[PDB]
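Quick notes on the structure that follows.
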Amino acid sequence: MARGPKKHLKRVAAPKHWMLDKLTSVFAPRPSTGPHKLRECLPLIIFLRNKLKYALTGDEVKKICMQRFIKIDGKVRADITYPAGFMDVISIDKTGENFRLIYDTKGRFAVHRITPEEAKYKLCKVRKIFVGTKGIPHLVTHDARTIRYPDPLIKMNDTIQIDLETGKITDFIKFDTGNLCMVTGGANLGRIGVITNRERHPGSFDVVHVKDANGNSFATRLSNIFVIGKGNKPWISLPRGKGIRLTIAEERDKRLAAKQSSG
Amino acid sequence: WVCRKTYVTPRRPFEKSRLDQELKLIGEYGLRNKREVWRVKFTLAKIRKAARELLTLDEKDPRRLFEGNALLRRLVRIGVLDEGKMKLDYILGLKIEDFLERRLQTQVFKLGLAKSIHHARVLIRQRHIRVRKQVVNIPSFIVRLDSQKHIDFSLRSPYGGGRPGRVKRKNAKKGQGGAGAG
RNA sequence: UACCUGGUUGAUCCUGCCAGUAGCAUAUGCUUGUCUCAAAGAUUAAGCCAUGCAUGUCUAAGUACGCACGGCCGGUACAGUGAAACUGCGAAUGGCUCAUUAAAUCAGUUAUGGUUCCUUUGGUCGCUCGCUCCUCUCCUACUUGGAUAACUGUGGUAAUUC
RNA sequence: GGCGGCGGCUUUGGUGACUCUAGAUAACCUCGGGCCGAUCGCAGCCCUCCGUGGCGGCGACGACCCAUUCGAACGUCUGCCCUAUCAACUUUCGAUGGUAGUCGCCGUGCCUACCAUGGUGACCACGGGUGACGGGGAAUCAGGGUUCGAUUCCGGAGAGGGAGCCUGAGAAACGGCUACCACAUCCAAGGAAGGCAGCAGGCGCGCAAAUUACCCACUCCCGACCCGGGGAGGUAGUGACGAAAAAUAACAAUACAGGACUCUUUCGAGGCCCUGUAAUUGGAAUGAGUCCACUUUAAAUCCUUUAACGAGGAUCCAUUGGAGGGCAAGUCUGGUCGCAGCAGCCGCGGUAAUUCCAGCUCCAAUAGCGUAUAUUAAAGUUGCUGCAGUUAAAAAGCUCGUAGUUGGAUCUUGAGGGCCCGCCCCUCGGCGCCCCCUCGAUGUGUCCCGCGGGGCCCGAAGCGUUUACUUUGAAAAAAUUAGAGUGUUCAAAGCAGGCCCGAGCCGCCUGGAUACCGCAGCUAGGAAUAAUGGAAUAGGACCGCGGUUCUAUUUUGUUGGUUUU
RNA sequence: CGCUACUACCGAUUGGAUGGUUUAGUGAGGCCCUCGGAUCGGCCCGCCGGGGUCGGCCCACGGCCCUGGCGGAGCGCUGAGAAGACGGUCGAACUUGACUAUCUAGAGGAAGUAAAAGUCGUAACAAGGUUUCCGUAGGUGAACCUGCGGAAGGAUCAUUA
């Protein structure tokens, strides 16, 4: 009777970009509520025992979260299924390994070891800039990190290098034309490159014509456009599969290569 | 979860010319029944139409190329098709028996310890051969090019080299109890 | 696999259905050696349901005055541990079933700038900006009041999670 | 400089858009009835200083008050099965609209006060019928099409039927309650205690459906929480649903019976491929088994691994269907004699039965095969593609005539290279213009020019009448399905996989492609095609302007006054 | 027309059964509101236990006050507040008839199909002994007959200066 919200979640009718299997396990990790909307989010337990595969059972991953070896956004995590969204660093506190959650142009999460220089700041394109009560301006980013006292020259869609040690925002990068933007969603997922064009409509439904690095020019809406810094200026490393765009006849030339070429 | 049939049924029940034509392929290649005829008959109708549809596609289509060059390669990695022709016109010209020769059974009859294709199905079924480090028990196995280069005696066939089971021992018991008088 | 086959009639050409003809998916007839997969109380009873069981849970961190257990280690409240119990949360979800509803569900697309939301993610917590200081006399800040469970026994109860 | 002249500085966050944020003043109140810790664990300090006041982390929990997450519920567009032997429907009960407020999480005839007579239908409304959960998707069909969606997914709906409350963020919860209505229990007669469409299981119904199983390990779930619990689920059982692989023995030797062959005039002989059949087997096997064992997993279980055993035969020994045709294979053999039966249909049987009934032989498929029913095709016997309507079914008695559905013609765009391009009959860019920081003469500012922003006006463009249409993209659950990587020992399939190093490589490494999106929409290219536009007793372009007049506000430092551009 | 089955029809029985409505009735049942005061504390004062002060610096016990106890007191006048209960609110529902639908009994009625070799006459087919048939209208046991207007689907595509 749907007498309250579902507190359960099973597999395959699950997001495919998490790269889960078929009905081999009849339940999903089911990420918690938090900073990002639930489909953007990625459970730790998929990244731990299904991507890095240091564990094999769930009660270990609970105890690994009781080991508290996991710092997402520089903040101590004991959640097996933490709602971590985009450009979220994951500090594996025992192996000394930082990994920032960014998407590929193939369509998969990138196990992507950024430098620890790049782990202190993550670039959050802002969600709102609001004059709160008693006349106080604010910035709140897409991970809902309510930050008082913004910058006095920023406007909408500016990217803040979010100090993951503190919050309490550091320097910004203004929303500018031609910025590097990892285009995410639809047929343009994981595509980085300059903007070069934006289209506006009163009301809703604005498209953004993006020409990426490979030369694929495409008009895909600003919801699909997450700015990651400045044009021809990345701020973390580029993910696997080049993070721009790949063709499938070339991808067989990719998939034939390092299998039986290593060790 | 998901299953399918690997054989096929024609819409004509008794077409005796076909029914004795199917008796040929069993007798020419060593098959179990008409299902082993109908198994490759189930495949080859799809193979020609997949060759037909890619032929009717516009050229320089990746769904024509990248699927098709796989389908070119998949038909050549098993060695049924040769890629010296390598176009959809000739893939419309393939047949059942090109696969039957690339089965494990006939290659045992072509190469190795098979005197008959009755005998050639037996050597797979009674596991006298290893096609790899692999006791392979399936006669409808259809092989690849490299697969025809490692078919040996099995190490569970105690004749031609192998650990004794109970049979060469029984054949020893034919001389050590069949001739040992107990 | 883009097919037909048989049947009108004295014979013939038609129309034309008949019946053969393959797919199927239950019911079933008969039969079945291995090894891999597996639908299965929907049809009929959204029938009644016997019984078995289907959401529990303590953190170094709510309250230890367990009659417990373990100790000298005890006093200011002291126990190591800790049933319970009170307190915190789920229990609504899950599973099951489709009877039902014919623009209704539902599906695709949209919007709440009409609406509410545990939880989580983040800010917000000195003050009455001093009653132009009760908040220095309002003297309770080193902290408040009473009031219950467990505990106990009296118990009553054909019977009761009384 | 107590000002009269004349000038000068001359100052607010977001939305496409809210009477948005923000501001302030006047307050308002919320009582048992908004708010800012009377808490709990871990642990380091400073003390004009000795036990306290100063104080710091760890995290416990809490709330102020919002972002969030989860969404919810309502509102938009597009989309559903059958019926006109359903044509008009809807409100006396608000039907529909407004206004006003009530109330509700809130929009709202939500609701009434009140007012209005609305609102809507042949495009089949209104109503009735449908096992109508719907859809993702499913089966089949060349295509066109046709059947399914209770069914491992999504969303909806109920837990016997309603009603009413409750809890909490979320429930009219039937693994709540309250009562009712239809059922079920104890009763000692007072009362008490109950709803498997949870897992099972049971009955019941039927043609038709398995454990009253095991485990919380795997999966997840809830917690105060690693801990636990879970019939969720996992696990096996049940289990020709159905699917996948494919056995029940080869193999020669022997011999014959020969076909080449060689000899031979042929005959015939030699001669194998042999395959049946012979007596056989000969080594040669194999699980079908049995079985130590390793394995397996919650424990298992099976699997695979197997020491070992398990085939010369009538074996370790396949079936289910058919022979009258259609329809393959008995003009068999016997019996039967229009009987018994058979035969989907066409048909046998009435005595020399190819239809029976059997034998035998053969055929067919095959661990299946056959039947029943169902539906898809075949079926162009529903004909959209693509039916037929003189005489086989099918032009109304005839005509007008609306819906209906169809409809006549007709307006303009050379070069580059061996096609390609733009052309012809203001918001951006931007040749210009002036302003401005000015660029090359010049380094609050000119005259190469807005190129920088522009502003205006161009080639260009809002252009001018627009769409249908087509095209571009976005968007377009997953599964599915198409299909890539992928040796599942083949395969059903999975999402895989592959290495070197001894095993210190303390590793290295491929991957898990791409296709699909009714519509409606969106997007932007096209503008043919189909509709579509204007100037008609004159209108459109040009600041042609004119005279009138309304008013909007910048500067006159400012304000005030009026006055104008 | 005889044998004779099937089938709907229709049907007395204002047959019965089941379901959906609907009038009105009753309204459970909780919700709102009106309450209610079963009752439980505070303040009170009487008295002492302590403290203080105003018998008292013996400011001390106690009077007194604070408070501790305690009860009375006005149970004042409060704080809480029960069952009940108010009227609505939704409304289970049932009743009452109406009402429909479904199912079925249903004597029987009346037929068709089937059903065949029972029976009349010879409809009509050859022009079928009166060529066929329509519409309609009567007739005729029945096949049918006739009239009125048709038609060719007749046996006529053909009668003239």
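Residue numbers start at 1 in each chain; chains themselves are named A, B, ... in the order of the structure tokens; ligands are numbered from 1 in the order shown.
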- Item | Close residues, residue 285 in chain D itself excluded, 12 Å, only C-alpha atoms (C1' of nucleotides), min 3 positions apart in chain, as an MDAnalysis selection string | (chainID B and resid 119 122:129 156:160 164:171) or (chainID D and resid 249:251 311)
*asked:* List the spatial neighbours of residue 106 in chain E as a PyMOL selection string - criterion: any atom at most 10 Å away, only C-alpha atoms (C1' of nucleotides), same-chain residues fewer than 3 positions off excluded.
replied: chain E and resi 11-13+15
Residues of chain D within 9 Å of chain A: nearest atom pair and distance (Å, one decimal) for each, counting only C-alpha atoms (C1' of nucleotides), sorted by chain and number, as a tab-separated table?
residue	atom	partner	partner_atom	distance
D:13	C1'	A:131	CA	6.4
D:14	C1'	A:130	CA	7.1
D:16	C1'	A:202	CA	3.9
D:17	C1'	A:203	CA	8.1
D:21	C1'	A:131	CA	5.6
D:22	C1'	A:135	CA	5.3
D:23	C1'	A:135	CA	7.9
D:67	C1'	A:146	CA	6.1
D:68	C1'	A:144	CA	5.1
D:69	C1'	A:33	CA	4.6
D:70	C1'	A:33	CA	6.5
D:71	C1'	A:5	CA	8.4
D:152	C1'	A:23	CA	8.8
D:153	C1'	A:13	CA	6.3
D:154	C1'	A:13	CA	8.3
D:157	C1'	A:1	CA	7.5
D:158	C1'	A:1	CA	7.6
D:170	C1'	A:4	CA	4.3
D:171	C1'	A:3	CA	4.6
D:173	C1'	A:3	CA	7.2
D:218	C1'	A:25	CA	8.1
D:219	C1'	A:25	CA	5.2
D:220	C1'	A:27	CA	5.3
D:221	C1'	A:8	CA	6.4
D:222	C1'	A:7	CA	8.6
D:226	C1'	A:63	CA	4.9
D:233	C1'	A:26	CA	7.4
D:473	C1'	A:219	CA	6.4
D:474	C1'	A:220	CA	5.6
D:475	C1'	A:186	CA	7.8
D:476	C1'	A:186	CA	8.7
D:477	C1'	A:13	CA	7.8
D:478	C1'	A:13	CA	5.0
D:479	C1'	A:12	CA	6.8
D:484	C1'	A:252	CA	8.3
D:485	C1'	A:255	CA	7.1
D:495	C1'	A:21	CA	7.7
D:497	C1'	A:259	CA	8.1
D:498	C1'	A:260	CA	4.8
D:499	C1'	A:263	CA	5.0
D:500	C1'	A:263	CA	3.9
D:501	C1'	A:263	CA	8.0
D:505	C1'	A:263	CA	6.5
D:507	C1'	A:263	CA	8.3
D:508	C1'	A:263	CA	4.8
D:509	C1'	A:259	CA	5.5
D:510	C1'	A:259	CA	4.2
D:511	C1'	A:255	CA	6.6
D:512	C1'	A:19	CA	7.8
D:513	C1'	A:248	CA	6.3
D:514	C1'	A:248	CA	6.9
D:522	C1'	A:205	CA	8.1
D:523	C1'	A:207	CA	8.2
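With only C-alpha atoms (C1' of nucleotides) as the atoms that count, the residue of C:2, C:14, C:54, C:96 with the shortest distance to chain A is C:96.
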* Identify, on the basis of only C-alpha atoms (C1' of nucleotides), every residue whose closest approach to residue 149 in chain E does not exceed 12 Å; exclude the query and any residue fewer than 2 positions from it along the same chain; express the result as JSON, numbers by chain. => {"E": [134, 135, 136, 137, 147, 151]}
> So which residues touch residue 214 in chain A within 10 Å, counting only C-alpha atoms (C1' of nucleotides), skipping near sequence neighbours fewer than 6 positions away, as a list in words?
Replying inline: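 Residues near the query, excluding close chain neighbours: residues 191, 192, 193, 244, 245 and 246 of chain A.
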task: Determine which residues of range 116-249 of chain A receive a DSSP assignment of strand (DSSP E), computed from the backbone, and state them as a ChimeraX atom specification.
output: /A:121-128,131-132,136-141,146-148,159-163,172-173,181-183,209-211,217-219,225-227
Residue 8 in chain C environment, 12 Å, only C-alpha atoms (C1' of nucleotides), sequence neighbours closer than 6 positions dropped, as number ranges by chain:
C: 14-18; D: 346
*alpha helix (DSSP H) per DSSP on the backbone: members of range 2-133 of chain B, as a PyMOL selection string*: chain B and resi 16-29+34-56+62-77+88-91+97-101+104-110+117-125
List as a PyMOL selection string the protein and nucleic acid residues near residue 44 in chain A, meaning an atom at most 8 Å away when only C-alpha atoms (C1' of nucleotides) are counted, but skip any in the same chain fewer than 2 places from it. chain A and resi 42+46-48+79-82
Review point. For chain C against chain A, which residues fall within 10 Å using only C-alpha atoms (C1' of nucleotides), given as a ChimeraX atom specification?
Key: /C:90,92-94,119-124
Test item: chain D residues at most 6 Å from chain B, counting only C-alpha atoms (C1' of nucleotides), as a PDB file with N, CA and C atoms (P, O5', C5', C4', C3', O3' and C1' of nucleotides), in the first residue's frame:
ATOM      1  P     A D 243      11.928 -28.088 -24.323  1.00  0.00           P
ATOM      2  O5'   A D 243      13.275 -27.249 -24.243  1.00  0.00           O
ATOM      3  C5'   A D 243      13.346 -25.949 -24.806  1.00  0.00           C
ATOM      4  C4'   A D 243      14.528 -25.197 -24.268  1.00  0.00           C
ATOM      5  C3'   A D 243      15.847 -25.922 -24.396  1.00  0.00           C
ATOM      6  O3'   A D 243      16.385 -25.855 -25.696  1.00  0.00           O
ATOM      7  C1'   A D 243      15.658 -25.076 -22.219  1.00  0.00           C
ATOM      8  P     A D 250      28.021 -50.339 -32.142  1.00  0.00           P
ATOM      9  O5'   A D 250      29.477 -50.303 -32.781  1.00  0.00           O
ATOM     10  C5'   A D 250      29.831 -49.291 -33.705  1.00  0.00           C
ATOM     11  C4'   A D 250      30.895 -48.392 -33.142  1.00  0.00           C
ATOM     12  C3'   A D 250      32.262 -48.502 -33.780  1.00  0.00           C
ATOM     13  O3'   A D 250      32.374 -47.841 -35.022  1.00  0.00           O
ATOM     14  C1'   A D 250      32.523 -48.568 -31.466  1.00  0.00           C
ATOM     15  P     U D 286      38.742 -45.134 -21.010  1.00  0.00           P
ATOM     16  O5'   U D 286      37.319 -44.818 -20.386  1.00  0.00           O
ATOM     17  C5'   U D 286      36.628 -43.685 -20.865  1.00  0.00           C
ATOM     18  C4'   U D 286      35.188 -43.965 -21.197  1.00  0.00           C
ATOM     19  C3'   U D 286      34.301 -44.349 -20.048  1.00  0.00           C
ATOM     20  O3'   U D 286      34.075 -43.296 -19.141  1.00  0.00           O
ATOM     21  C1'   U D 286      33.732 -45.637 -21.923  1.00  0.00           C
ATOM     22  P     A D 328       3.809 -39.677 -48.823  1.00  0.00           P
ATOM     23  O5'   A D 328       5.182 -39.071 -48.293  1.00  0.00           O
ATOM     24  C5'   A D 328       6.428 -39.574 -48.737  1.00  0.00           C
ATOM     25  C4'   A D 328       7.110 -40.364 -47.652  1.00  0.00           C
ATOM     26  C3'   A D 328       6.443 -41.668 -47.273  1.00  0.00           C
ATOM     27  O3'   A D 328       6.574 -42.745 -48.213  1.00  0.00           O
ATOM     28  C1'   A D 328       7.014 -40.479 -45.311  1.00  0.00           C
ATOM     29  P     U D 489      32.990 -24.684 -19.062  1.00  0.00           P
ATOM     30  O5'   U D 489      33.619 -24.800 -20.512  1.00  0.00           O
ATOM     31  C5'   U D 489      35.016 -24.675 -20.682  1.00  0.00           C
ATOM     32  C4'   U D 489      35.500 -25.544 -21.804  1.00  0.00           C
ATOM     33  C3'   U D 489      34.562 -25.691 -22.989  1.00  0.00           C
ATOM     34  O3'   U D 489      34.610 -24.593 -23.883  1.00  0.00           O
ATOM     35  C1'   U D 489      35.399 -27.809 -22.346  1.00  0.00           C
ATOM     36  P     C D 490      33.265 -23.781 -24.219  1.00  0.00           P
ATOM     37  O5'   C D 490      32.563 -24.659 -25.337  1.00  0.00           O
ATOM     38  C5'   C D 490      33.127 -24.767 -26.630  1.00  0.00           C
ATOM     39  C4'   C D 490      32.123 -25.332 -27.594  1.00  0.00           C
ATOM     40  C3'   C D 490      30.788 -24.607 -27.635  1.00  0.00           C
ATOM     41  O3'   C D 490      30.797 -23.463 -28.465  1.00  0.00           O
ATOM     42  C1'   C D 490      30.407 -26.918 -27.397  1.00  0.00           C
ATOM     43  P     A D 492      24.658 -20.457 -26.144  1.00  0.00           P
ATOM     44  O5'   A D 492      23.130 -20.331 -25.726  1.00  0.00           O
ATOM     45  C5'   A D 492      22.158 -21.211 -26.261  1.00  0.00           C
ATOM     46  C4'   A D 492      21.333 -21.837 -25.169  1.00  0.00           C
ATOM     47  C3'   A D 492      21.039 -20.960 -23.965  1.00  0.00           C
ATOM     48  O3'   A D 492      20.001 -20.028 -24.183  1.00  0.00           O
ATOM     49  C1'   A D 492      21.741 -23.067 -23.228  1.00  0.00           C
TER      50        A D 492
END
Handout entry: Interface, chain C side, toward chain B (8 Å; only C-alpha atoms (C1' of nucleotides)) as a ChimeraX atom specification
Key = /C:1,21-22,37-38
Q: Would you kindly return, as a list in words, each protein, DNA or RNA residue with an atom no farther than 8 Å from any atom of residue 231 in chain A, considering only C-alpha atoms (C1' of nucleotides) and excluding same-chain residues fewer than 6 positions away?
A: residues 178, 179, 180, 193 and 194 of chain A
What's the separation between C1' of residue 10 in chain D and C1' of residue 559 in chain D, in Å to one decimal place?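 So the two atoms, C1' of residue 10 in chain D and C1' of residue 559 in chain D, lie 12.1 Å apart.
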- Query: How many Å lie between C1' of residue 350 in chain D and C1' of residue 335 in chain D, rounded to one decimal?
  - Reply: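 For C1' of residue 350 in chain D relative to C1' of residue 335 in chain D, the distance reads 16.9 Å.
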Please measure the separation of CA of residue 90 in chain B and CA of residue 25 in chain B, giving the value in Å to one decimal.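 Pair CA of residue 90 in chain B / CA of residue 25 in chain B returns 22.3 Å.
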